[PDB]
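Commentary on secondary and tertiary structure
In case you want the letters, here they are:
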Amino acid sequence: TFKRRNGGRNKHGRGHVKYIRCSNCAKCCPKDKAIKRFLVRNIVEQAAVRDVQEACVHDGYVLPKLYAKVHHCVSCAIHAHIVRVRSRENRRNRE
Amino acid sequence: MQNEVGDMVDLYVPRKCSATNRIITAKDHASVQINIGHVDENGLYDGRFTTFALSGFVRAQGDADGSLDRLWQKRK
Amino acid sequence: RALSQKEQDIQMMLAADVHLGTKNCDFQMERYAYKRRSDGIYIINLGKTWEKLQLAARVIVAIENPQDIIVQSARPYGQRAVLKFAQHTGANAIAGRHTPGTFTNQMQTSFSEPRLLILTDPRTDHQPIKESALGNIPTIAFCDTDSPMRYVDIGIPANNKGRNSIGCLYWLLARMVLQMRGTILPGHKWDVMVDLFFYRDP
Amino acid sequence: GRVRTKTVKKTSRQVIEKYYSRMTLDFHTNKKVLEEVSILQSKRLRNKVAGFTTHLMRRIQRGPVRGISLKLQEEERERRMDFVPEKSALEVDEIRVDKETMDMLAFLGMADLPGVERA
Amino acid sequence: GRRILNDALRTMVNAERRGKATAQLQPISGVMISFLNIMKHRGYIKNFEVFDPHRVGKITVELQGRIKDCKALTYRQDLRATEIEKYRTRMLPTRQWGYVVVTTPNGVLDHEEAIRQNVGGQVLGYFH
Amino acid sequence: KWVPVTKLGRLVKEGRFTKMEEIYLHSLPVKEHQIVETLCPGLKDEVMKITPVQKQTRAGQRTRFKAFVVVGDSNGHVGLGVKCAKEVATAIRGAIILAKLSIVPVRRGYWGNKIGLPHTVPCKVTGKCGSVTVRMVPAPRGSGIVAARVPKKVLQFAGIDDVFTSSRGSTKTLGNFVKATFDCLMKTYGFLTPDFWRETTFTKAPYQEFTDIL
Amino acid sequence: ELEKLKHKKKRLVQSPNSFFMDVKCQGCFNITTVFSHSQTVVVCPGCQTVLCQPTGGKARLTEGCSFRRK
RNA sequence: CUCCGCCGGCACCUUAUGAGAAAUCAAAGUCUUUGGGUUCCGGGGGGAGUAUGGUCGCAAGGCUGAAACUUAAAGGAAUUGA
Ligand SMILES: [Mg+2]
Ligand SMILES: [Mg+2]
Ligand SMILES: [Mg+2]
Ligand SMILES: [Mg+2]
Ligand SMILES: [Mg+2]
Ligand SMILES: [Mg+2]
Ligand SMILES: [Zn+2]
């Protein structure tokens, strides 16, 4: 019983994909099988933006954003609810 | 068909698709029998029409429109 | 001199926004889409549209009993068009949404054995098309240039996504059915005016 | 937990279809109206129905409404549905089309066509 | 590689089972033309136009949709004029129609002609 | 009594057909079983297999019995009806109704000499359903019906007198096996033969011929 | 027609897409013939000038070189 | 960078008119209406990739590879439930 056309990963034209480390557990999963999100998160949340912009020394300053690109494996993704088991039909769309 | 005596033994010699010439079975419910009326002159109709048979195969292909077009380019 | 009925009616269809198809085309009806404006949008050969309009008119007028014909639209642009088409041609319009089984479910309250089915959009009315495919129901459909023409016998290549197009198309089929049945005597004077067909939005 | 069931709702639709000008908005009138235009076997169902037809009246008395079929409003919505201008609005003295459209006309032999202008 | 008389027969089968009107065959042969002649002579396809510009060649046949199947028995057997008769049952839909096309020293020709002329040959194919 | 609900059923109730040939020729869907009862009167009914299927619920397993019935006359009209219901009585009734709603034609042929009435099938023909497949090869007159018990009980109803059968796939599933034999028989008028080549002059459909009565 | 669109060897009769063109430069009013897909540089015999540059398709002409297909 | 078109890639999306045990497949299609060519390989589940014999390897190993006896199921796809 085959569950996915691409196998769960998107490798076509290759035979080998260099692997990466899960950010949670450090399981080794190939780069193009790993649930990759690029999250860009403010240093603070919106209860802590004015209390730092009324304490920034120089007026007109803008907060940075944590740009980082986290990698996860399938186990840590399912466990963290980054992704969910979708129905047989709904499983097929990519948006 | 014709027996060697003179009789004809089969039942309802079937009709054929006019686009594919495949014969239309007795359970091909996707088959149509169009009727195109003839215009003559003032009045532009009389009970005189040409008839076409289209099979389920032809319709499901999507060329059933093209078949009617290129068959109703027939002149008399 | 004068002008032919071709000429009047093609002026009608140009001004009524019927030459402008969609962004793309389907192989089953690139035999109509004439060229491309650099937008990418295609333009339909109205000569072939009008030839298929006669073809559809003949196919309609070949029915002995006009009460035995169904015309339908699921688009919210064509309800007025189809209702008036029925009130003028003696058809039996079924506007709005189609109850699955109107054609095959012999013990449904809404039952109908059309000798012919007319569909404003082969896309939206994809339910009646398939249903006809079970009941031997020839089908005349207004195929826009992105139409699945599967199970479509007589497909008029004609834009059907503007406020004017569907009304215009049904006014042309209306007049040609009436002319062929002779109910309006020769002479291009037909006393029913076009803006009746275009829908009135409350 | 006060959702009216199908019996209540469809008696509501049927009675307010079948009798419009003989009901009002004031609740307590409707009770007795329905007592004389219907036969029921539970005064609590009777009040349950009246309490729903009263705001069905409230919604109809302002605007339009679902299934029920009423003659004073169908007739007017047909009176103004059969409306056409003094003169047909799609007017053809000036059609402005584009080059490939005129190419279609050239293909069709209607090279000069009254009122068709180069955009 | 190629074993044409197959490139062609399966092309006509595909085209006719679909319902096309004109099919084109990229290689030609004396066997191709003499085969199509047997089909046409027995009344299964209409005429066909052989584009012989200057190369291997090319054919375009104009089908009537009245053929139902045609096949090449590559692995061209040998065939005496007595086991004409246990192929005609082996390959064909019945004892009435359908023809087996056997190359014989009197040119490419079908099996009833072969029996009448009392020759054997090697089966090229068949059609029905 | 009947109360017809399809216009074809009407055209039959006031009795302006005679035989099922005009309906078959025009490929119409028969939706009321009492049509065929009056069009083909010498029709024979027969149930062969009653097999119980089971769906399993929270409480336990609820069984439905499904019936495989064949109805037909020995002159080329055969029909197969399969219907699953709680009681064997209603299973059989439903299956006989579906059988008479699925009547098809059987054309026969001759082996080599077209003398007398037709006996076998015209040509080599294939019926496939699921994994079971059946061939019917013409057989010389007086060769009996050589086939499994199920296709023999289809064919002695369908009217074929002689035929040669070779079968593939799990024939032990009687459902697919009888549905495959019936598939093989229904498509015998699917076969484009030199004798059908003469172009067919059409006939007005029932709906277009008898329009005034509508 | 589309048979200028259809592939070179998939046309009904196989035909080349190339041509021979007569180029006249400026520095020497003589005429020199070149092949559309040149594959080598060409120098006008008189004025010695360069006329084309070989590339992956047709040649690239030098400035002011009037060519006539022929 | 935009539009169009040819080849040649890895793919991808809708659909049966196709196939199949089906999941599914536009190639796993053109097969009981069975043949384009070619190579390798399977014949219930175990025993068993084991014993032995050979042979390559320093070694682990690799390549080739049975029988006795055991057994009525092992397995595939999908459906309802739990
Ligand atoms: Mg590669
Ligand atoms: Mg690998
Ligand atoms: Mg490409
Ligand atoms: Mg074994
Ligand atoms: Mg396994
Ligand atoms: Mg399993
Ligand atoms: Zn992890």
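Residues numbered from 1 in each chain as written, not as in the entry; some residues may be left out. Chains lettered and ligands numbered in written order. Part of a larger assembly, values for the part shown. Heavy atoms only, no water.

The record names cryo-EM as the way this model was obtained, at a resolution of 3.4 Å.

You'll find chain D entered in the PDB entry as 40S ribosomal protein eS17, with Triticum aestivum given as the organism. In its PDB record the entry is named "Wheat 80S ribosome stalled on AUG-Stop boron dependently with cycloheximide". Its UniProt record gives chain D the following Sequence similarities (unreviewed entry) comment, quoted word for word: "Belongs to the eukaryotic ribosomal protein eS17 family." (UniProt positions renumbered as here; feature names shortened; annotations may be inferred.)

Chain C carries the name 40S ribosomal protein uS2 in the PDB entry, which gives Triticum aestivum as its organism. Per UniProt, the comment on chain C under Sequence similarities (unreviewed entry) is "Belongs to the universal ribosomal protein uS2 family." According to its UniProt record, chain C has this under Subcellular location (unreviewed entry): "Cytoplasm".

All names here are of chain E. With antiparallel pairing, the three strands of this open sheet are ordered in space as β1-β3-β2. A single partner strand is all that each edge strand has here, and the edge strands are β1 (22-25) and β2 (48-51). Strand-to-strand, the axes of this sheet are offset by a mean angle of 15°, without reference to chain direction. Of the strand pairs in this sheet, β2 and strand β3 (residues 58-62) are connected by four bridges, and their pairing is antiparallel. Looking at the pairing, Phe51 lines up with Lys58 of β3. The strands touched by helix α2 (residues 30-41) within the sheet are β1, β2 and β3, with β2 carrying the most contacts at an inclination of about 170°. (Pairing = 2+ DSSP bridges. Helix = DSSP H or I, 4+ residues; strand = E, 2+ residues; numbered from the N terminus. Axes fitted to C-alpha atoms, helices over the stretch in contact; angles between N-to-C directions. Contact = heavy atoms within 4.5 Å.)

Further remarks concern the interface of chain C and chain F. Reports of interface size often rely on the accessible area that becomes lost once the parts have come together. Across the boundary between the two partners, chain C contributes 12 residues, which contact 11 residues of chain F. Taken over both partners, the interface formed by chain C and chain F buries close to 1,000 Å², and the fraction arising from carbon and sulfur atoms is 50%. The tally of links between chain C and chain F comes to two salt bridges. Seen at the junction of chain C and chain F, the total is five residue pairs in polar contact. (Buried area = accessible area lost by both parts, 1.4 Å probe. Salt bridge = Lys/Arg side-chain N within 4 Å of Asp/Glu carboxyl O. Polar contact = N/O pair within 3.5 Å; in protein donor to acceptor, adjacent residues only side chain to side chain.)

On to a negative patch on the surface, then. Negative charge collects at one region of the surface, where D:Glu17, D:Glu74, D:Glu75, D:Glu76 and D:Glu78 lie side by side. The biggest single contributor to the negative patch is helix α4 (residues 71-79) of chain D, with four residues. (Patch = residues over 30% accessible without salt bridge, like charges linked within 9 Å, V, L, I, M, F, W, Y side chains within 5 Å. Areas by Shrake-Rupley, 256 points an atom, 1.4 Å probe, with all protein chains shown as cover. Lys, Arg positive; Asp, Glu negative; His and termini not counted. Charge placed at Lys NZ, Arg CZ, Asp CG, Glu CD.)

The environment of RNA strand H is made up of 42 residues, and the closest members are A:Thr1, A:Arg5, E:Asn6, E:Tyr126 and F:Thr126. Here, RNA strand H places atoms within 4 Å of the protein, and 81% of those atoms are sugar or phosphate. Separating a sugar or linking oxygen of RNA strand H from a side-chain N or O atom of E:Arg3 is a distance of 3.3 Å. Going through the elements one at a time, α1 (56-61) of chain B, α1 (9-18), β4 (70-72) and α3 (85-91) of chain E together with β1 (44-56) and β5 (125-129) of chain F are the ones with two or more residues in the surface near RNA strand H. In terms of residue class, the surface near RNA strand H is made up of nine nonpolar, 14 polar and 19 charged. (Near = heavy atom within 4 Å. Nonpolar A, V, L, I, M, F, W, Y, C, P; charged D, E, K, R; others polar.)

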